[PDB]
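Have a look at the structure below before the remarks.
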């Protein structure tokens, strides 16, 4: 969101008093809105690269990597908990069998 | 690839066309072979052409002459005045009008936030072409401080620092800086001082700028036909 | 080793800094990597910097630009007048004031036991700097007989023997000896006669001494930065 | 990344532009404003697409990095070679490592060498020695009867012959097999289970397939390499890898699969008789070798399957096929496997 900072210095950054319908300010603020929205999305994209904070599609990618597939109507939190549990399954003892049952 | 195309003229013959283009009548058989013409090559009117439209051509029909033509190496004298205007317009480029409202940024030349886009009155963005384009670019370069523009250290001018004393030395510094700034433009063939004066505070000067001639711009644009870019990346 | 250090300016960007220093914006990623900066490189104010003080820099924070800078090859026009004064002062050296009480050893120039140390009035030894230093050294050399100083045969002057007759010849001998004595100093770029006269007993003359210019002294001292001695062993 | 598209971005830009000013009202094709906004939105769209792709790549990379589950590289082919002498030996001759083996068959110019020393005892008639292809990859999967030269130059050697086709050479691991073995890794985190034993046995890259045969208080691990053999060194390595995974207190044993060695002799008739030659014979033999050496554990051999595999090479050019040594399908048990013996083809 450095669009106005790296813009050509002579161009106006502020809607001009002489005209409330200044098309230059309109175009600049439009482009600036798109730049800031893309920056916002790029910041929020970090949550998808972590198993802890992933959501639907990327969480499905993680569960496909781990071998665990989403059930019908299975939300993100229970699904990630089920993946984590599936990785940490004790096996080979009475207590493990009892828990599996 | 490009070829010449000839319109059949009244009571023309293939031998005359061959002499006109190839500089020898002997090519008329090659012209027939390339165009796939039957023996009455150039019929009098369309009634004869109805007998065999495929293999016959009438008056006003277009023939193809397979000679490799090229838009460069063409005598500028043949080119029409409107065609020359369009050619120089393409050479000097089209750009979005930002130097509208001359009075405002003339009242605040050194400051920022001085110029802005404008509309052409037809709901589309305003555009400056040819001489207006050159005016816009030269004004913008002179007004821009040097080094302030991103990705372009050398673009601009040092006039913002030349607000010095009232002596001939600073006048000469201004003049030299302005000549440097104008020379920096590739399209400016040369620039030179006309006259200057000092009125205490106020300095006044005027310059003469010779843009590239019509012939050079025509040659450049017609050369560009080989590439097809028809754009300016100077 | 020495590097440039840049203070973040209001609403500055890394691309602008890269263009300013490296002459190309492409180095901004190298600047980030060297300074270890997180994505909001130049925050608006310190409130944002509180979120991550280690990895973020705010306005007024100092960045490092690893470009090998050197104090020589710097335009003297940038140097401040006080900085030039200090530089020439260092170039011409500081020394303990011995030529105090000018009247006394001016009344007894040829004799010994003529000059002595003095105090600065603040309980420390008196010191002469810059032009005062040059005055002191030139006076002491002219007053010293040649060969009388230990460990330095050539230091001094032969004026003690030039108390000859009153004719232009002895005047010329005096003048030549004085020019030799002044030339002997490395810092004296040149010396030359101005005017002389004879009044029977008394001889009178005056000279003009051109010490090394400010530019040369600046260049010498800034060159000395490479060694760090900042002292004179001429 | 929300996976926006070009049309919505351009529409949003145009709507905001109209809202900020009533002067601009020409957004038709070929207009300056429309072209500029279109270019900007297209670049945004490409940024979003590449961001999605890079995130997918990043997830795969973090999976690799977290567990240090490195992808397996190309494997160099290796097999054994039979060597015969004129008469039984009196000197206990010494064959050092690096002894080169080559083949005069120019169709398979690859080279092989011994990675370990060998000794031939006195009063011995032949020796079997393991060799390793110098070059990695599939190139070292020569057919049977290829290697016939030894570069030691020893006068005692009568003849040299690899009895079987080499099959252990392979190229880089595929993505699906990497994901499969990662699934096995995840399942085998619980050490003592049957799948965990199978993973531990498969932990050795050389091992091809494993069949865990289970009894009360006893475990038998049938394992094999990509040729169907199980060398003692490979058995020891499997055992050592199973120490961490096998259950404590239960007997465990490692043994080689029940390999079956199908020789084939095929009589094939050809419609276009000009095409007869050495090329067609070698191509058919190659197809048969590839078919048989692709059979997995417990795959039955069905003669009609092989018939259609041969005939599908060219249904017109090939007229009829007949086998001179096979007459009935071969049943393979769960711990069994089939591998090609001598493959021969007669063109008519």
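What follows is calculated from the coordinates using simple rules that are stated; it is not laboratory data. Because the Cβ atoms are built from the backbone with ideal geometry, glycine has one as well, and the counts that use them run over all protein chains shown.
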Connecting every pair of Cα atoms under 10 Å apart in chain A and solving the GNM, the largest mean-square fluctuation among A:70, A:13, A:82 falls on A:13
The alpha-carbon center of region D:298-348 and that of region C:172-211 are separated, in whole Å, by 121 Å
Over all Cα pairs of region C:114-234, the Kirkwood radius sets Rh, and Rg/Rh then becomes 1.03
Relative to chain B, whose Cα atoms define the longest principal axis, helix B:168-184 and its Cα axis are tilted in degrees, nearest 10, by 30 degrees
For residue B:62, inter-copy label-point distances (7 Å, Cα→Cβ), nm, shortest first, read 7.5
Per the helix-only model, chain D has a calculated mean residue ellipticity at 222 nm (DSSP H runs of ≥4, -39500 (n - 2.57) each, divided over all residues, rounded to the nearest 500) of -10000 deg cm²/dmol
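Give me the percent of DSSP beta bridges within chain B that run antiparallel, rounded to the nearest 5. Each step should come with its number before you reach the end.
Working: 19 of 21 bridges.
Close to 90 percent.
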Taking the alpha-carbon centre of each part, the distance from region A:87-101 to region B:1-78 in Å is 93 Å
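Where both partners of a DSSP beta bridge lie in chain D, what percent of those bridges are antiparallel, to the nearest 5? Before the final figure, lay out the partial values.
Numbers: 35 of 51 bridges.
Looking only at bridges with both residues in chain D, the antiparallel portion is about 70 percent.
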Relative to chain B, whose Cα atoms define the longest principal axis, helix B:131-143 and its Cα axis are tilted in degrees, nearest 10, by 30 degrees
Here the correct list, in nm and shortest first, of distances from residue C:117 to the same site in the other copies, label points 7 Å along Cα→Cβ, is 8.0
By the C-alpha gyration tensor axes a ≥ b ≥ c (rounded if a/c is under 1.5, else prolate when a/b exceeds b/c, else oblate), the shape of chain A is prolate
In a Gaussian network model of chain D with springs linking alpha carbons closer than 10 Å, the residue among D:261, D:45, D:187 that fluctuates most is D:45
Once both label points are put 7 Å beyond Cα along the C-beta direction, the residue B:33-residue B:213 separation in nm becomes 4.5 nm
Most exposed first, judged by fewest Cβ atoms within 10 angstrom, C:114, D:343 run C:114, D:343
The exposure ranking of D:182, C:3, fewest beta-carbon neighbours within 10 Å first, is C:3, D:182
Inter-copy distances for residue B:185, nm, shortest first, label points 7 Å along Cα→Cβ, are 5.8
